[PDB]
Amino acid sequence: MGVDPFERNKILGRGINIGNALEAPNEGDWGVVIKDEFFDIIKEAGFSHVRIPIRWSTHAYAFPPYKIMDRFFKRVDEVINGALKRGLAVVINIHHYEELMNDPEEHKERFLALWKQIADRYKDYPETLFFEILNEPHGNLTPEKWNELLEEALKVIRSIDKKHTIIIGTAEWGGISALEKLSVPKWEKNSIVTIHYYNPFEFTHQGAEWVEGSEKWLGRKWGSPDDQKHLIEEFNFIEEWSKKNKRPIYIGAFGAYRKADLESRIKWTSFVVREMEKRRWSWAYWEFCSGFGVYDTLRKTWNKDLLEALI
């Protein structure tokens, strides 16, 4: 048996995503390779956990039993244990499984087979390891289809592991837009709800090369009293949903891209953290050392003003 999800949310506390790493097609393709020293660096700065985006789908066969490939599995073990060695808690997920988003019907059983294998693999790992069902469900994996798939995933996971806390995200890309449509089974009592926060999207994502039409936002600033008032109102809505449904909240990803002016990024980041903490939510900054990075792996220095904002 596990622990009260609010206790495990407290255990998560402040975290950071190590992104553009294991969620790319191959680790290193998007610019980051998880170095073991990264865990000393993150723990020493004061973080309580790390979130590790993992694209298991490109490292598992496409035909039954959809076995995850040996070498990749060993690599993930090395990352998880590297973080556990420093006393960091760890969130692992299934990230960028695009076929599942485009054709959930056809990939439902493969997705559940991946969780069967991941849960089997780590069922005896420490209680500070968290299982995040699926990053940003979207597209044809509609709010309605997600509520059904997540319940199926929970059944699969819980059939093997009654100890680890599970993290459940929202549909429509995992933000607040489909939160009110999310439904977590009453029988599950060991889960945390996660939401990604990048609002205002045009500000956080301005110039993002992977977002169509983002060039039209370059230069946009953030920081007026109305900007602050609007963020607060959105957080208030999340808080109330949490209160109503009785589920802890984890803001699993939030951050502003390097193209936005530094001062607005710092202002936006420092402000989001202050407002999440007031609400006692756990969270993970997006991300450690890449395009939204706070740590420069070459110089081995942190962007001190941005770190200060995260603390």
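One rule holds for the numbers: they count along the sequence shown, beginning at 1.
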message = If you average the CA temperature factors as listed in the entry, which stretch comes out higher, 261 to 269 or 62 to 70?
response = 261 to 269
task = Please work out which of 180 to 188 and 135 to 143 has the higher mean CA B-factor as recorded in the PDB entry.
result = 180 to 188
ask   = From 104, 174, 219, 82, pick the one with the largest CA B-factor in the entry?
value = 219
inquiry  = So if I compare the CA B-factors in the entry for 77, 124, 99, 202, which one is the largest?
reply    = 202
request  = Check where residue 35 lands among this chain's C-alpha B-factors and tell me if it's the lowest, middle or highest third.
outcome  = middle
query = What third of the chain, by the recorded C-alpha B-factor, contains residue 114?
reply = lowest
message = Quick check on the deposited entry: does the C-alpha B-factor of residue 213 sit in the lowest, middle or highest third of its chain?
response = highest
task = Tell me, lowest, middle or highest third: where does the Cα B factor of residue 228 rank within its chain?
result = highest
request  = Sort the modelled residues of this chain by their C-alpha B factor and say whether residue 130 lands in the lowest, middle or highest third.
outcome  = lowest
